[PDB]
Number of protein chains: 2
Amino acid sequence: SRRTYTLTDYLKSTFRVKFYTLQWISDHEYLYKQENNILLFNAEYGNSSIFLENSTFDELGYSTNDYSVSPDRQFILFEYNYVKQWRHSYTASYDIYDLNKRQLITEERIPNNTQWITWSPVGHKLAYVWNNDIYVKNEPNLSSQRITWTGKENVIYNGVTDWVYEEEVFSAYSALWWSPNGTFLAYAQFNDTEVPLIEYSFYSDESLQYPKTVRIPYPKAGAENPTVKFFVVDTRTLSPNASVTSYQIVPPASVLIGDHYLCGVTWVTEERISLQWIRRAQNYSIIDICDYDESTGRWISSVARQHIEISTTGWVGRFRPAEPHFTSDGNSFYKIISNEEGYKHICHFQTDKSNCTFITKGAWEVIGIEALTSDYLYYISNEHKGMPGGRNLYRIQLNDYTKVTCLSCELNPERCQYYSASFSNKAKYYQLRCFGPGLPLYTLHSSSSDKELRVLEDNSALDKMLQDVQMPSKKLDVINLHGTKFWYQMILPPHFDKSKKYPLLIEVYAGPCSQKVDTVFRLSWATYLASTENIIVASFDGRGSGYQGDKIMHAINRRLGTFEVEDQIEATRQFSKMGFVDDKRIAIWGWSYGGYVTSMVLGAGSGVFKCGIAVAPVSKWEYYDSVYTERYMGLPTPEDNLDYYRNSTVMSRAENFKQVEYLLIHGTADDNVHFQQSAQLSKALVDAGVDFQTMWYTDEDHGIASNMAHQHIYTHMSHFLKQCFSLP
Amino acid sequence: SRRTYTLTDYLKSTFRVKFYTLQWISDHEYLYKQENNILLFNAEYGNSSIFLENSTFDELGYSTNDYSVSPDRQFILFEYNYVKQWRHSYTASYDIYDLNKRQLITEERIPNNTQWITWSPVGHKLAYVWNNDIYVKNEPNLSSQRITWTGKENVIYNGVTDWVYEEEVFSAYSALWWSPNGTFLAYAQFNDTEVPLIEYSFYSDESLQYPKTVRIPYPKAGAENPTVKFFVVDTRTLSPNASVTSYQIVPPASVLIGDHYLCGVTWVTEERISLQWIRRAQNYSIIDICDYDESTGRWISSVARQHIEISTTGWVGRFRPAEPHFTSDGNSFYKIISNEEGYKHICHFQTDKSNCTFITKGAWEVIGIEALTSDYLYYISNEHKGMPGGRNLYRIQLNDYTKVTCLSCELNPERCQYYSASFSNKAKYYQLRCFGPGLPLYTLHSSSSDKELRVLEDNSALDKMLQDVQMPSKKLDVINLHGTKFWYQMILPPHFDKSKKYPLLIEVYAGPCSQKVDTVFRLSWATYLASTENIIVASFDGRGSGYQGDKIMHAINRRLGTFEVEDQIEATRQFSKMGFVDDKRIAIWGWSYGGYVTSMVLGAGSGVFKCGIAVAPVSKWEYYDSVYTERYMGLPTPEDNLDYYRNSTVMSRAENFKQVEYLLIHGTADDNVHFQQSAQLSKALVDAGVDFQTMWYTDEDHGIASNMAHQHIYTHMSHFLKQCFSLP
Ligand SMILES: *[C@@H]1O[C@H](CO)[C@@H](O[C@@H]2O[C@H](CO)[C@@H](O[C@@H]3O[C@H](CO)[C@@H](O)[C@H](O)[C@@H]3O)[C@H](O)[C@H]2NC(C)=O)[C@H](O)[C@H]1NC(C)=O
Ligand SMILES: *[C@@H]1O[C@H](CO)[C@@H](O[C@@H]2O[C@H](CO)[C@@H](O)[C@H](O)[C@H]2NC(C)=O)[C@H](O)[C@H]1NC(C)=O
Ligand SMILES: *[C@@H]1O[C@H](CO)[C@@H](O[C@@H]2O[C@H](CO)[C@@H](O)[C@H](O)[C@H]2NC(C)=O)[C@H](O)[C@H]1NC(C)=O
Ligand SMILES: *[C@@H]1O[C@H](CO)[C@@H](O[C@@H]2O[C@H](CO)[C@@H](O)[C@H](O)[C@H]2NC(C)=O)[C@H](O)[C@H]1NC(C)=O
Ligand SMILES: *[C@@H]1O[C@H](CO)[C@@H](O)[C@H](O)[C@H]1NC(C)=O
Ligand SMILES: *[C@@H]1O[C@H](CO)[C@@H](O)[C@H](O)[C@H]1NC(C)=O
Ligand SMILES: *[C@@H]1O[C@H](CO)[C@@H](O)[C@H](O)[C@H]1NC(C)=O
Ligand SMILES: *[C@@H]1O[C@H](CO)[C@@H](O)[C@H](O)[C@H]1NC(C)=O
Ligand SMILES: *[C@@H]1O[C@H](CO)[C@@H](O)[C@H](O)[C@H]1NC(C)=O
Ligand SMILES: *[C@@H]1O[C@H](CO)[C@@H](O)[C@H](O)[C@H]1NC(C)=O
Ligand SMILES: *[C@@H]1O[C@H](CO)[C@@H](O)[C@H](O)[C@H]1NC(C)=O
Ligand SMILES: *[C@@H]1O[C@H](CO)[C@@H](O)[C@H](O)[C@H]1NC(C)=O
Ligand SMILES: *S(=O)(=O)c1ccc(CCN)cc1
Ligand SMILES: *S(=O)(=O)c1ccc(CCN)cc1
């Protein structure tokens with residue numbers, strides 16, 4: 001009998017996966033929210049005490065969306081009235097609560113509609129952005145000091161990013177960086193004066209008689225980009241009747257000569273800051289390490305302290321160049337860069353010398369550097385078992401790079417093959433986060449002995465619940481395409497009968513450096529499709545995919561829509577020969593870059609796919625943003641790459657859609673992949689005489705994530721697939 | 001014969017319906033284009049002569065889409081470079097050709113992008129609107145003289161209407177009226193300064209990197225309306241060094257008192273003009289007959305020359321008050337108004353008296369007055385056979401209202417029951433245009449004895465072609481609803497088998513004064529559904545429908561979405577009882593008001609309809625324009641009709657859509673029923689967890705009329721209906 005995992009199970013999150021979020025606040029203590037109380041845990045012995053009782057929240061009078069405790073632990077910030085903006089940005093109201101006198105501060109309160117706020121790294125100073133300008137509050141009860149006066153809606157942004165820097169460069173809204181001891185406050189200023197505006201209708205509540213027009217400075221491929229300025233403010237002199245003491249640091253001449261982006265800021269010491277810049281082409285970046293000159297207040301650059309990173313086969317880094325990890329003294333740093341074999345590994349650099357020494361090597365890649373001490377460097381890589389979709393924490397001895405230990409590989413080999421980690425200050429302890437293939441497992445460890453101190457969350461509750469349900473299994477393996485081994489995964493229906501022929505849904509992402517095949521545990525729409533509807537859902541990482549070296553990743557350089565699309569077709573062709581696949585019922589779907597590939601695949605005329613669903617797809621590269629698009633395609637000009645921009649549109653393949661059943665879905669308020677992309681695509685299909693189906697989602701953005709829209713789109717897509725597969 | 005009328009036949013117009021368009025230019029002559037050239041036909045003898053040979057058309061720029069010969073026959077305007085704007089408005093380029101010299105006017109050319117142009121009634125003066133300002137040219141070869149200087153895009157309109165006046169008041173773009181002998185040029189000025197703008201994206205050709213935002217001053221229900229000023233210009237003094245001599249005529253005090261509209265302008269003599277105004281509420285209108293005062297140049301009104309028309313049960317007229325038809329001397333006029341019984345009939349008014357005398361009466365209505373001479377009045381009515389969906393031409397003797405003769409009733413009784421007419425200058429001759437129920441037939445008659453004279457176009461070619469196709473048959477009949485007889489029509493599949501149970505499609509309009517049931521012959525989508533897919537298509541005119549008296553038409557006053565919706569359900573229930581109808585397969589569809597009613601019907605939870613399709617439906621009256629909406633609903637305020645605005649939205653019935661399969665279609669560039677309406681409806685259905693289908697049409701307007709979109713929508717709707725009806 002047994003219950004299966006149903007669409008409703010997926011949509012209502014009936015089977016809850018638990019996690020354990022902690023905030024390290026010292027080298028051996030972390031804050032954790034439990035039953036709405038804020039508890040202070042001591043790692044040394046496992047004991048804890050109440051840091052803030054939940055009664056305090058009952059007393060506030062508003063739904064508290066989040067909180068942040070001052071480093072000296074004297075104050076806590078309460079965030080409420082949360083209003084989402086783009087992928088990372090939002091605005092909110094904030095109250096500061098005095099933990100000593102356990103009273104709420106009511107004098108000189110933080111303004112409503114605040115865009116960003118952060119405590120200094122030590123003490124309890126605050127810096128925040130409001131109306132695009134920066135403000136600094138030395139004391140929670142004292143008036144704040146305005147730092148910038150140029151902030152202007154849709155034009156000048158001080159301390160927060162504009163749309164494209166938020167989405168494609170920083171992957172954050174914040175653009176301010178306090179120095180380690182709070183002496184200086186660095187910030188970036190973005191100028192969008194010349195950037196064209198994307199405009200679209202937002203309908204709002206039914207009572208709004210006239211729709212509003214949203215306007216966002218958004219540079220599409222080849223358009224005018226925002227400019228940026230970087231400043232370091234000496235906060236020691238801030239005073240109501242004092243001017244602001246600040247110094248502008250410009251990029252090195254090799255980047256200054258043309259359009260560029262600021263892509264990284266790293267404080268090294270109180271008097272040394274590292275700036276990472278990249279040319280608009282994105283195959284040339286430079287790290288500039290500037291020293292504070294105490295006699296003049298300026299920040300000095302030197303050719304000796306500059307480090308260039310380039311790429312001859314594609315772009316630099318995965319989505320941006322990797323960040324440098326400096327030693328405490330700041331005289332050298334470690335950073336992931338492509339080695340001579342095209343694999344991303346850790347290189348050790350001396351701050352004032354240009355050559356580096358690789359400390360890791362092999363046909364696998366380091367994902368990120370997690371922590372560094374005078375004696376060891378901790379990092380995550382997919383070296384274990386040589387599987388690119390796995391992740392483990394390793395520790396390397398700095399005085400002898402040949403001494404490397406895998407700290408997580410053998411803890412729970414069958415249950416845990418994909419880890420992330422979080423270290424306390426000075427890396428004395430670490431939380432290990434196991435995400436699959438079994439149920440997520442959160443544990444705490446001691447770095448001095450590498451003993452597991454305790455299990456923080458093991459998902460025993462979920463485990464129980466799932467025993468009564470017929471869950472599908474997820475299998476990973478490899479296939480060969482053009483002489484290269486590539487990975488795939490299949491979510492297989494319960495009681496999988498190798499004998500029977502099942503319909504097959506290809507779920508696709510496939511963007512540059514994408515990784516859709518991994519050992520992560522997920523309760524997804526695919527889980528329901530396999531468990532209840534008996535559909536095999538497969539994914540494949542082909543050319544252009546990441547974490548397998550530049551030869552694979554850079555294969556689609558300057559030619560998006562070619563090899564990654566062809567590989568999905570070839571992989572599927574091989575899947576359709578495995579014997580348990582009903583070749584009469586093969587579909588493909590994807591969101592975003594996956595919607596573009598899904599559409600390009602359906603437009604290929606391969607005869608492999610009966611139907612497909614594209615959600616919020618890119619349809620023509622000139623419609624997407626400059627930073628992302630140009631990174632992989634260059635400029636849409638005849639002198640550069642216009643030809644490949646032109647024959648990589650989905651519209652160019654309209655005629656082939658006559659042989660397939662297609663469902664095109666898009667939110668009308670998508671600020672990222674504009675509804676325009678699907679509107680131009682449908683128009684080309686209508687012009688070619690192609691019948692297909694559509695579904696717009698009013699006022700939904702790129703995530704089509706409102707609670708009702710989320711339920712609606714998956715329900716609608718389930719119906720479409722089941723009709724395509726003749727499933728009742 | 002064994003083939004049917006196919007979707008391709010409909011979409012590609014394989015079967016051509018011919019017509020005969022002529023332009024009367026004297027009391028006995030008309031111009032007609034034959035094989036690209038213009039011929040001058042003599043009605044009397046039937047002999048023609050070349051007036052303007054073909055080939056003379058040097059495809060100037062593009063092609064001549066229309067011509068106009070000056071009254072004195074000395075010149076001819078060629079219209080080309082046609083660029084559509086809204087329903088009636090468009091811009092074009094014009095060339096003037098001298099018929100005497102047989103030369104093209106090469107100097108002082110009409111501007112490119114001219115909004116409206118017209119010859120004076122006599123002679124050959126020209127008046128035209130360009131960039132929202134009026135210009136007059138006394139001679140084709142002479143420079144034009146500017147009349148207004150206030151023209152401003154989206155703000156001030158001189159000589160042409162703004163959006164709402166074009167669509168809802170004048171049903172025309174022109175707002176210029178020459179006096180009978182060309183002395184005066186009257187015009188209206190519209191001021192949209194305070195009218196809110198509807199804004200929506202227009203994507204344009206795929207090459208446009210950023211979408212455009214269209215903005216149109218459009219007053220939704222209850223919003224600030226445009227204001228109007230009416231002027232009469234004395235063209236005798238127009239000179240480059242002279243100012244403009246003009247006089248502004250304001251409405252009578254009883255209308256000037258509040259928001260109002262100018263709804264009619266009729267020149268009576270060279271010194272008398274008739275203005276018809278209506279209050280914003282549209283239940284009070286007044287005709288003001290002003291006389292020119294030769295000593296001061298003023299146009300004077302007098303209470304004795306004012307005629308009031310009001311409605312206590314609804315609005316005035318069908319869509320606006322009917323126009324007065326003055327006698328040659330201007331001392332009296334004839335106008336259609338509602339009877340004591342609520343039937344629209346012709347009343348004879350004395351220009352300076354308040355009481356009028358009805359010259360027609362009966363349980364039927366006069367549709368319009370076509371021509372007037374000193375002895376007779378010709379009008380069109382649906383008196384014949386008591387079928388309101390029929391139309392015939394009548395003549396009534398002015399000195400004896402007992403003498404009324406039907407001129408078209410008996411010409412071809414079985415083939416022709418729906419006519420319109422076009423009379424020569426002194427009503428000496430008239431063209432009769434038969435539109436059905438048989439193939440259209442155009443004929444020429446003489447008024448003297450009403451002799452048939454000749455057949456202009458009989459469609460014998462279409463007839464020959466159709467004998468080989470299995471055509472469906474159209475039948476009209478009546479059903480009794482709550483004591484009243486209402487008409488319906490059914491398009492029945494060929495070789496109809498009474499033993500079979502046919503699926504049924506209700507095609508609905510149902511707006512106030514609508515008439516969906518008539519004896520007009522049409523080759524439509526329904527012809528195809530019945531001929532090829534064996535689907536019966538029916539239509540019904542219930543409460544709120546027109547041409548059957550005010551009791552039926554005003555039934556839905558201040559309550560749109562109630563009785564007309566309920567009557568479609570009740571009528572369908574009766575049809576469902578017929579043994580040859582499969583009551584388990586009934587669908588309903590409509591466009592515009594019909595989309596609204598289709599949606600309201602589907603949301604009624606009646607259990608009668610399995611599925612339906614709404615194309616560009618109104619979904620909430622507060623989103624539609626002020627003139628149309630308020631005419632039937634009053635104001636959306638608590639003191640007036642807010643309660644009925646609130647419970648007549650489609651969104652209020654969202655829950656009930658869970659019982660049906662619904663397809664919602666809308667053009668994103670719809671300037672009339674804004675995409676907003678469907679965007680808000682879809683969001684409410686999503687919010688209620690209801691599944692349905694949608695189809696947006698990029699850049700299509702209210703008619704979804706471009707060649708490829710037209711084919712695509714009907715093809716898509718056909719597949720949706722076949723799927724709903726389980727038809728192969
Ligand atoms: C404020 O803090 C108190 C703790 O002092 C919260 O009380 C605790 O509430 C949790 C949540 O319901 C209780 O846990 C439950 O325990 C049973 C164990 O059998 C388990 O079945 C549930 O799944 C859950 O784990 C906990 O026992 C209880 N502890 C105390 C001290 O009574 C209280 O909920 C907080 N108030 C608010 C408004 O959050
Ligand atoms: C755009 O056009 C290029 C050049 O014609 C395409 O690249 C070729 O693709 C074919 C078919 O797969 C290969 O056999 C050739 O080797 C390729 N030539 C080159 C110069 O690369 C490219 O696939 C097209 N892009 C898209 C999205 O269709
Ligand atoms: C169009 O109508 C507007 C009013 O809606 C007129 O604007 C007013 O003009 C007067 C005189 O110049 C000012 O005193 C008012 O302040 C204006 N109203 C506002 C708030 O705009 C405008 O003059 C009219 N245009 C024409 C040519 O008639
Ligand atoms: C809006 O509400 C009015 C008032 O309740 C509705 O009118 C009633 O309709 C019912 C039919 O179910 C009749 O039995 C009553 O006689 C009506 N009462 C009145 C005051 O006329 C009206 O139908 C509703 N409109 C819509 C669109 O649902
Ligand atoms: C844990 O216990 C130690 C002593 O054993 C004590 O110093 C520490 O403060 C305790 N931590 C908390 C906050 O529970
Ligand atoms: C922003 O850039 C524009 C040029 O694109 C310049 O004119 C303006 O002064 C700049 N504003 C600031 C505050 O730098
Ligand atoms: C700053 O100047 C203002 C006068 O403009 C004065 O009220 C205040 O006392 C001054 N504060 C300081 C820092 O001296
Ligand atoms: C970086 O890209 C630019 C523009 O496409 C190109 O001219 C340059 O050679 C590239 N640099 C390298 C080292 O590949
Ligand atoms: C012009 O008229 C002649 C007959 O008078 C006709 O044969 C010819 O086709 C016409 N030219 C065209 C095609 O416009
Ligand atoms: C028709 O013929 C008559 C003579 O019988 C002639 O006077 C008239 O001008 C002709 N009409 C035309 C323009 O063909
Ligand atoms: C009108 O004004 C123009 C100014 O250039 C002048 O040349 C012309 O003579 C005037 N008209 C007359 C003749 O009064
Ligand atoms: C005309 O309509 C208004 C409301 O829009 C109303 O107050 C008035 O009574 C109506 N007049 C007549 C004659 O019904
Ligand atoms: S992918 O999932 O690695 C991914 C997601 C989002 C982005 C930002 C592009 N706008 C890039 C890559
Ligand atoms: S109906 O066909 O009598 C009809 C058609 C168009 C309108 C204008 C609505 N804006 C009204 C009625």
# chains A, B, ... in the order shown; residues from 1 in each chain; ligands from 1
$ select_by_dssp --residues "stretch 231-348 of chain A" --states "alpha helix (DSSP H)" --output "ChimeraX atom specification"
/A:253-256
$ select_by_dssp --residues "stretch 628-720 of chain A" --states "strand (DSSP E)" --output "PDB file with N, CA, C and O atoms, in the first residue's frame"
ATOM      1  N   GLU A 661       5.386  19.929 -28.227  1.00  0.00           N
ATOM      2  CA  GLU A 661       4.366  20.567 -27.387  1.00  0.00           C
ATOM      3  C   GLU A 661       5.179  21.433 -26.424  1.00  0.00           C
ATOM      4  O   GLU A 661       5.973  20.913 -25.636  1.00  0.00           O
ATOM      5  N   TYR A 662       4.958  22.744 -26.446  1.00  0.00           N
ATOM      6  CA  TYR A 662       5.753  23.650 -25.615  1.00  0.00           C
ATOM      7  C   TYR A 662       4.896  24.519 -24.666  1.00  0.00           C
ATOM      8  O   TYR A 662       3.820  24.989 -25.051  1.00  0.00           O
ATOM      9  N   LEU A 663       5.391  24.719 -23.444  1.00  0.00           N
ATOM     10  CA  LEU A 663       4.717  25.536 -22.415  1.00  0.00           C
ATOM     11  C   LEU A 663       5.742  26.602 -21.984  1.00  0.00           C
ATOM     12  O   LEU A 663       6.793  26.279 -21.424  1.00  0.00           O
ATOM     13  N   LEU A 664       5.410  27.866 -22.226  1.00  0.00           N
ATOM     14  CA  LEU A 664       6.289  29.010 -21.920  1.00  0.00           C
ATOM     15  C   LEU A 664       5.668  29.755 -20.733  1.00  0.00           C
ATOM     16  O   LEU A 664       4.539  30.224 -20.839  1.00  0.00           O
ATOM     17  N   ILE A 665       6.420  29.907 -19.643  1.00  0.00           N
ATOM     18  CA  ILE A 665       5.909  30.543 -18.433  1.00  0.00           C
ATOM     19  C   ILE A 665       6.810  31.720 -18.009  1.00  0.00           C
ATOM     20  O   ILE A 665       8.034  31.624 -18.058  1.00  0.00           O
ATOM     21  N   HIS A 666       6.219  32.822 -17.562  1.00  0.00           N
ATOM     22  CA  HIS A 666       7.077  33.948 -17.142  1.00  0.00           C
ATOM     23  C   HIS A 666       6.297  34.877 -16.196  1.00  0.00           C
ATOM     24  O   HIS A 666       5.117  35.105 -16.414  1.00  0.00           O
ATOM     25  N   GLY A 667       6.961  35.399 -15.161  1.00  0.00           N
ATOM     26  CA  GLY A 667       6.316  36.337 -14.252  1.00  0.00           C
ATOM     27  C   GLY A 667       6.380  37.719 -14.877  1.00  0.00           C
ATOM     28  O   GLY A 667       7.429  38.107 -15.395  1.00  0.00           O
ATOM     29  N   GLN A 693       1.635  26.683 -25.748  1.00  0.00           N
ATOM     30  CA  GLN A 693       0.886  27.182 -24.603  1.00  0.00           C
ATOM     31  C   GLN A 693       1.708  28.186 -23.812  1.00  0.00           C
ATOM     32  O   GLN A 693       2.946  28.166 -23.801  1.00  0.00           O
ATOM     33  N   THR A 694       0.981  29.017 -23.093  1.00  0.00           N
ATOM     34  CA  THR A 694       1.580  30.082 -22.323  1.00  0.00           C
ATOM     35  C   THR A 694       0.979  30.162 -20.909  1.00  0.00           C
ATOM     36  O   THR A 694      -0.047  29.570 -20.642  1.00  0.00           O
ATOM     37  N   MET A 695       1.674  30.834 -19.997  1.00  0.00           N
ATOM     38  CA  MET A 695       1.138  31.113 -18.667  1.00  0.00           C
ATOM     39  C   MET A 695       1.903  32.308 -18.127  1.00  0.00           C
ATOM     40  O   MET A 695       3.099  32.188 -17.834  1.00  0.00           O
ATOM     41  N   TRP A 696       1.262  33.475 -18.030  1.00  0.00           N
ATOM     42  CA  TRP A 696       1.994  34.594 -17.428  1.00  0.00           C
ATOM     43  C   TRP A 696       1.593  34.546 -15.962  1.00  0.00           C
ATOM     44  O   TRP A 696       0.538  33.992 -15.633  1.00  0.00           O
ATOM     45  N   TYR A 697       2.440  35.093 -15.086  1.00  0.00           N
ATOM     46  CA  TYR A 697       2.129  35.165 -13.671  1.00  0.00           C
ATOM     47  C   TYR A 697       2.218  36.650 -13.275  1.00  0.00           C
ATOM     48  O   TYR A 697       3.285  37.253 -13.154  1.00  0.00           O
TER      49      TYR A 697
END
$ residues_around --residues "stretch 517-532 of chain A" --least-positions-apart "4" --cutoff "9 Å" --atoms "only C-alpha atoms" --output "ChimeraX atom specification"
/A:3-11,13,15-17,387-391,416-418,434-440,469-476,487-489,491-494,505,507,536-537,539-541,714,718
$ residues_near_ligand --ligand "ligand 12" --cutoff "9 Å" --atoms "only C-alpha atoms and all ligand atoms" --output "number ranges by chain"
B: 279-284, 310-315, 630-631, 633-635, 640-641
$ atom_distance --atom1 "atom CA of residue A:126" --atom2 "atom CA of residue A:70"
9.0 Å
